[PDB]
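For reference, the chain that follows is the form deposited in one PDB entry, supplied as structure tokens.
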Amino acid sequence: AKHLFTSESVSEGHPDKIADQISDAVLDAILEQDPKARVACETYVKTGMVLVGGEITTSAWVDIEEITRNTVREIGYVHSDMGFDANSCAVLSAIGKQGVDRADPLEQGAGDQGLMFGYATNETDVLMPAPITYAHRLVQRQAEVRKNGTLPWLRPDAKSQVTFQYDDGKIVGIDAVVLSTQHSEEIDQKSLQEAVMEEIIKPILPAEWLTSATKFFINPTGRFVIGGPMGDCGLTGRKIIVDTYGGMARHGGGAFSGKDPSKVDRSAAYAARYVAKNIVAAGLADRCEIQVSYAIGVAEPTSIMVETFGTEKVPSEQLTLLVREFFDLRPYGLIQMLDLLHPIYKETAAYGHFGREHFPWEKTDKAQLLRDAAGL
């Protein structure tokens, strides 16, 4: 049936995303020395200050301040005229804290309870829903043209939102686009709107989806000079829908950034994405949602549901069987299936954990095996 669906994203400069990146920069720094470290790093950014807290247990020795300043600096906050300066902001630290419980580590019980969802759809090339996919690309393009000097008056903080029109489960076009970007005093709003349209929006959104009825809200309130942590708190794990599927799929409720792979909240979400994407990549369904749940201390998932919204190209009972045959969804089994014990997570902390074809859980190395195990 005809309907609209909307998703949003934010740039690496949005204060919530700043916190997520700092949390995963600390995780990456620790994993490079202690691949098996336990990390639960919560970050809280506000005017003038970064607070890094949580609980950690590792043999690694890390400089929290240096990691934090480097991260903020890469994001681009390097001057008080931007509202935040990586070189002079305060950095505060408030981090704290059986061994071989299984003969086979792959049989360790879940370190926590919870349910996670994976999703895939052949709407886009990356098998992600269209709204979240192009919302990410808009804020990522904003950062791209900000850093390479194409538009030097841009500033780090920005938000996007895309409203897609669907009909009979197929995409007809784009109904509304929102893009709010921080900027310096130099540029006027008229010049800003045209440059964002020409350098950010038009190069990213397929023209076939842009009709005369599409609304374009470019800095709808106008002046956007004060941004980032100034005038807006940022906390880790406050963008979990931006991080996953933009609302197209359900969500178990767990945040990703700041957590080592032993947190099923994170790695099982990655594994769920890995199965759903391989099912859709194998031609076994157009759209596929995977629900997995874990009981603490239990290795086998307490539930595995495969929903294909009537788009399955083989019986539903055979899909759920293939999922069990080709994927190891035990907490520490999926860690090895995805090779998650490496410092690869700072890159996930902005622009979406799902959609980019270089992360382990985005590989489709099992798609050909799945359709072979089903016929075609």
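Rigid core here is just the name for the largest C-alpha set that superposes within 1.5 Å across the two forms. All residue numbers refer to positions in the sequence shown, first residue = 1.
Omitted from view is the form deposited in another entry, to which the following refers.
Asker: Superposing on the rigid core, which residue among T124, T150, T214, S293 shifts its Cα by at least 2 Å between the shown form and the other one?
Answerer: Going through each option, the one that shifts is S293.
Asker: Is it true that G283 shifts between the shown form and the other one by 2 Å or more at the Cα, once the core is aligned?
Answerer: No; that C-alpha moves by less than 2 Å between the shown form and the other one.
Asker: Once everything's superposed on the core, is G169 shifted 2 Å or more at the Cα between the shown form and the other one?
Answerer: No, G169 moves less than 2 Å.
Asker: State yes or no: after fitting on the rigid core, is the Cα displacement of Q189 between the shown form and the other one at least 2 Å?
Answerer: It does not, since the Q189 C-alpha is displaced less than 2 Å between the shown form and the other one after the core fit.
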